[PDB]
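In: Provided hereafter are the protein sequence and its experimental coordinates.
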Amino acid sequence: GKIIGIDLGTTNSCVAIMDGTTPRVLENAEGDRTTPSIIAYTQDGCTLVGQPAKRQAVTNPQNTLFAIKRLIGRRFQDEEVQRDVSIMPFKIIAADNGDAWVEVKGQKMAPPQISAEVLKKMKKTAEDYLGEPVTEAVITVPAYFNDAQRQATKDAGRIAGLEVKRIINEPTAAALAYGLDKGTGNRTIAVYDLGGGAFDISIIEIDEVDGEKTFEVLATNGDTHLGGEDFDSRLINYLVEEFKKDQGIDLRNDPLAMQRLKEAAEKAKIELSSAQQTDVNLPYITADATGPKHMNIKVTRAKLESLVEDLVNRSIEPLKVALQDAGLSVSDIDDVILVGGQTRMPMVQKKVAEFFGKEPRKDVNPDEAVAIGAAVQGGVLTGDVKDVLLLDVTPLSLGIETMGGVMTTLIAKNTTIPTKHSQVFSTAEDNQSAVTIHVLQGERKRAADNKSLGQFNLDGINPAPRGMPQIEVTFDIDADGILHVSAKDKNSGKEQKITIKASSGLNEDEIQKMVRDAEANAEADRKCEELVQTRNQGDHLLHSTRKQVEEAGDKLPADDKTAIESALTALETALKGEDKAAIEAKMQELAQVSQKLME
Ligand SMILES: Nc1ncnc2c1ncn2[C@@H]1O[C@H](COP(=O)(O)OP(=O)(O)OP(=O)(O)O)[C@@H](O)[C@H]1O
Ligand SMILES: [Mg+2]
């Protein structure tokens, strides 16, 4: 009944609701306001999401998935995906359509299903707080996400059983959260979002013209594979090389050692944001027949800064590009808003302050603002939030491949959305049966250097001289940033059937199958939980009966006492197994014969 806003981050996910006019973040079952984006599949069949999954990471590395957002919407042969293939403990494979999928327990799974598991946990948290079913949600994506990644995120939302009312850019959500309390003074802001895996920069104007707060995204830019994971990778590489120099062992050959080192590097990087120096201590990191080996290496803040300065500087150029696109300068930015945990690093804050010449505001929560803005967006869609208007832009220039492999723009970057373009297309061959259009996204002048959306084939063209048929093709960009291509004959008005080929993404049948699979996974998790509860009850009953035997057993007649010695073992026989109902039946017979010892 109530639309919830979900920040679906690479490392941490958050959920918020509109409690009347007040946005409110909800805490998960563990008590945390944010949920780590870690999904674990147990052999028992329990699906673990968040902190518990992280706890089991050391014991189930192959079936524990994380950083799935870095794979969503990407093809397997991408350089980033190929780099991640040799690093992630879980198996990354190519799908039948060439997209990057994961392999868990011998089953191929698309990243949308895995993200849908986290979305299901957030949905369950929202329902537990509200006590009513939730079927509608607003889901966040990085501003610089291309069409394929946005579509895959919407598919993940659908698989989780949520009607995705709106896909909202994370900097836009932060802008909504900030504009809720201080959007009234006609202020231009720069939202600098640096999360676990993605970086975005948005120049956004906020004005109170005639009593309605309007948020207009003047410009946007970023990098979808730049984030705290790369900082951790730099630190891990330094630590591995130093350990190999000190002890001669390359830890890259030990997956468990690499997992522990990833955890230690994450903790050290976080601690260096407050401390000037930390010590990475990983005792018993590995063991040879000579004995255990221990890692103990000092890391100063200067060392980490020297290791990640180039990444921080890589984040700076999109600021210049966005400022040029907006037609403004650093003096024309009234407020600087930092978003994301990685901005807590003092080097990032110093670099941003030096770039803009002014210190960023301290009144914005970097971990919760995105979910608050998503909840605000949901409230706007229902009318619960009034006097608020939004005008976002397309992050990438849409174009087509023309003669010579050159890119031909149809919709420029930073064009406000929703938007509609129409262009006339015709045949290049006599009596041509079909006309193909290669559609791509990117700013590069060469078609081969842009993200291909695919070949759209207008097929079934009646024979005619080349250039005679006149097909108007319309490219629509909805409020989600997703492209929809349509075609109609401008002479007759009849629609032309478009067949998409060589595109990335999931089809409808796959999505339905994955929804059913998600339901099956939920039922398997409940069965595993019921079994766990049954084992706890059985152990409690066994201990209680032993206590009763110790206190009163000797007074009890020998016949029942001697019989129950093995009768309790009969209950144990089922208790050691994977039986839920028979454990209860044996528990019932044991309790009925222990009744005399109960009272
Ligand atoms: N105090 C800190 N100092 C340094 N790094 C930090 C700090 N706190 C968090 N991080 C890092 O920031 C990242 C988490 O940021 P956040 O939770 O905003 O990412 P996310 O939203 O999941 O990622 P993204 O938005 O890119 O998808 C992690 O890599 C984490 O190690
Ligand atoms: Mg984030």
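Out: That came through fine. Numbering: from 1, shown residues only. Ligands and ions are numbered 1, 2, ... in the order given.
In: Need the phi and psi values for the residue of the stretch 1-150 of the chain found nearest ligand 2.
Out: The minimum distance from the stretch 1-150 of the chain to ligand 2, using C-beta to the ion, falls at residue 9 (3.8 Å). From N, CA and C alone the C-beta is placed, and that goes for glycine too. Here is the backbone geometry of residue 9 (degrees, to the nearest 10): phi -90, psi 170.
In: Distance-wise, check the residue of the stretch 251-400 of the chain found nearest ligand 1 relative to residue 368.
Out: In the stretch 251-400 of the chain, the residue found nearest to ligand 1 is residue 341; the distance is 2.8 Å by C-beta to the nearest ligand atom. For residue 341, the distance to residue 368 equals 11 Å [C-beta to C-beta, to the nearest Å].
In: Likewise for residue 524?
Out: Taking C-beta to C-beta as the measure, residue 524 falls 32 Å from residue 368.
In: which element follows the longest helix seen in the chain toward the C-terminus?
Out: Ordering each helix of the chain by length in residues (DSSP state H) puts helix 508-548 first. With elements assigned by DSSP states H and E, the helix or strand that comes after helix 508-548 is helix 558-575.
In: so the helix or strand following that next one versus helix 508-548, what angle?
Out: Using DSSP H and E, the helix or strand that follows helix 558-575 in sequence is helix 581-598. With axes from the mean of the first three to the mean of the last three C-alpha atoms, to 10 degrees defining the directions, helix 581-598 sits at 20 degrees from helix 508-548.
In: Which residues belonging to stretch 408-424 are considered buried?
Out: Neighbour-count burial for stretch 408-424, counted by 16 or more other C-beta atoms under 10 Å, picks out 411, 413-414, 417.
In: Show me which pair in these is furthest apart.
Out: The most widely separated members of those are 413 and 417, with 11.6 Å between them, by C-beta to C-beta.
In: Give me the common contacts of these two.
Out: Common neighbours of residue 413 and residue 417, using C-beta atoms under 8 Å, 6 or more residues apart in numbering, are 393-394.
In: that older thread, which of the buried residues of stretch 408-424 fall in strands?
Out: residue 411 (DSSP state E).
In: and residue 561, what does it touch?
Out: 549, 553.
In: at 10 Å instead, please
Out: 549, 553-555, 597 (C-beta atoms under 10 Å, 6 or more residues apart in numbering).
In: okay if I get those as CSV plus distance to residue 239 and neighbour count?
Out: Output for the contacts of residue 561, formatted as CSV (distance: C-beta to C-beta, whole Å; neighbours: other C-beta atoms under 10 Å):
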residue, distance to residue 239, neighbour count
549, 55, 17
553, 58, 15
554, 62, 9
555, 65, 8
597, 59, 19
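In: Specify which member of these is nearest to ligand 2.
Out: Out of the contacts of residue 561, the member with the shortest distance to ligand 2 (by C-beta to the ion) is residue 549, at 56.9 Å.
In: Could you count how many residues lie near the residue of the chain found nearest ligand 2?
Out: Going by C-beta to the ion, ligand 2 is nearest to residue 195 of the chain, at 3.3 Å. By other C-beta atoms under 10 Å, 27 other residues sit near residue 195.
In: same question, residue 570
Out: Using other C-beta under 10 Å, residue 570 has 13 neighbouring residues.
In: residue contacts, it?
Out: By C-beta under 10 Å, 6+ apart, the contact set of residue 570 is 564, 586, 589-590.
In: now those as CSV including distance to ligand 1 and neighbour count?
Out: Shown next, in CSV, are the contacts of residue 570 (distance: C-beta to the nearest ligand atom, whole Å; neighbours: other C-beta atoms under 10 Å):
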residue, distance to ligand 1, neighbour count
564, 55, 21
586, 47, 20
589, 51, 12
590, 49, 21
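In: Pull the most distant pair out of these.
Out: It's 564 and 586 that sit farthest apart of these, by C-beta to C-beta, at 12.2 Å.
In: between the two, what contacts are shared?
Out: Counting by C-beta under 10 Å, 6+ apart, the contacts common to residue 564 and residue 586 are 570-571.
In: Tell me how far the residue of the stretch 251-400 of the chain closest to ligand 1 lies from residue 193.
Out: Relative to residue 193, residue 341 is positioned 10 Å away (C-beta to C-beta).
In: my read: residue 497 touches residue 485, true?
Out: No: taking contacts as C-beta atoms under 10 Å, residue 497 lies outside contact range of residue 485: 11.5 Å.
In: other SSEs contacting the helix or strand harbouring residue 237?
Out: Residue 237 belongs to helix 228-247 when assigned by DSSP H and E. When contacts are defined as 3 or more C-beta pairs under 10 Å, 6 or more residues apart in numbering; DSSP states H and E, helix 228-247 packs onto helix 255-271, strand 277-288, strand 291-300, helix 301-314.
In: what inclination does it have with respect to helix 301-314?
Out: Going by the same axes, to 10 degrees, helix 228-247 makes 140 degrees with helix 301-314.
In: near ligand 1, which residues of the protein?
Out: Residues of the chain found near ligand 1 (C-beta under 6 Å from any ligand atom) are 9-12, 69, 195-198, 227-229, 266, 269-270, 273, 340-342, 344-345, 367.
In: returning to what we had before: which one of residue 524 and residue 368 has more residues nearby?
Out: Counted by other C-beta under 10 Å, residue 524 and residue 368 do not tie: residue 368 has more neighbours, with 20 against 16.
In: Can you give me every residue that contacts the more buried one?
Out: Counted by C-beta under 10 Å, 6+ apart, residue 368 has contacts 7, 12, 14, 16, 23, 25, 33-34, 174, 177, 339.
In: again with residue 102
Out: Going by C-beta under 10 Å, 6+ apart, residue 102 touches 39, 63, 65, 68, 71, 88, 90-93, 95, 108-111, 113-114.
In: Point out the residues in the chain that sit beside ligand 2.
Out: Contact residues (C-beta under 5 Å from the ion) of the chain with ligand 2: 9, 195.
In: hmm, back to that, settle it for me: which of residue 497 and residue 485 has more neighbours?
Out: Neighbours per residue, other C-beta under 10 Å: of residue 497 and residue 485, the larger number sits with residue 485, 16 against 10.
In: so where does the more buried one fall, helix or strand?
Out: Here residue 485 is assigned to strand 483-489, by DSSP H and E.
In: separation between residue 276 and residue 304?
Out: According to C-beta to C-beta, residue 276 stands 11 Å off from residue 304.
In: Pull the number of nearby residues for residue 376.
Out: Around residue 376 there are 27 residues (other C-beta under 10 Å).
In: Please identify the helix or strand for it.
Out: When elements are defined using DSSP H and E, residue 376 is found to belong to helix 369-382.
In: Go ahead and measure how far that helix is from the middle of the chain.
Out: Mean C-alpha position of helix 369-382 versus that of the full chain (C-alpha atoms, centre = their mean, to the nearest Å) differs by 18 Å.
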